[PDB]
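**Q**
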Amino acid sequence: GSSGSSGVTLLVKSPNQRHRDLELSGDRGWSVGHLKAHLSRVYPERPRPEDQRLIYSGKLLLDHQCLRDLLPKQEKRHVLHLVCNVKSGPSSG
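Per the entry's author numbering, the sequence shown starts with residue 1, numbered consecutively.
1) Just verifying my parser: in three-state terms, what is the DSSP assignment at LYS76?
2) So who's on the other strand from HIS81, going by DSSP bridges?
3) For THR9, collect the residues of the same chain with a Cβ closer than 6 Å to its Cβ; drop the 5 residues on either side in sequence, then sort them by chain order.
4) Does DSSP put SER40 in a helix, a strand or coil?
5) Helix, strand or coil: which one does DSSP assign to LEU71?
6) How far does the beta strand (DSSP E) with residue 94 in it reach, from first residue to last?
7) According to DSSP, what are the bridge partners of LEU60?
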């Protein structure tokens, strides 16, 4: 994986489950699995990299997959869909 320019802009959108978007870097060298974590950061909440559901145009992302392969090689910017998933909450109260 020989690459080194700057990175790609990933538009972290939400499927009407939070609203608002977030544009972060998505270097073709990055890793879905890694990105997640990286996201959890920029994301105000500190979610999990295993929970963070990375989707691209509906197509759910894995983790080991590279953005290079995922993202195209022509278009500009990208619109991702990071779905946050907790682990049950303390109902009532």
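Positions of the beta carbon are idealized from the N, C-alpha and C atoms, including for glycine.
**A** On the basis of the data shown:
1) coil
2) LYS13, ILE55
3) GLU23, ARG77
4) Collapsing the DSSP output to three states places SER40 in a helix.
5) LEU71 falls in the coil class under three-state DSSP.
6) As shown, the chain starts at 1 and ends at 93. That puts residue 94 outside it, with no answer to give.
7) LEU60 is bridged to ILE55.
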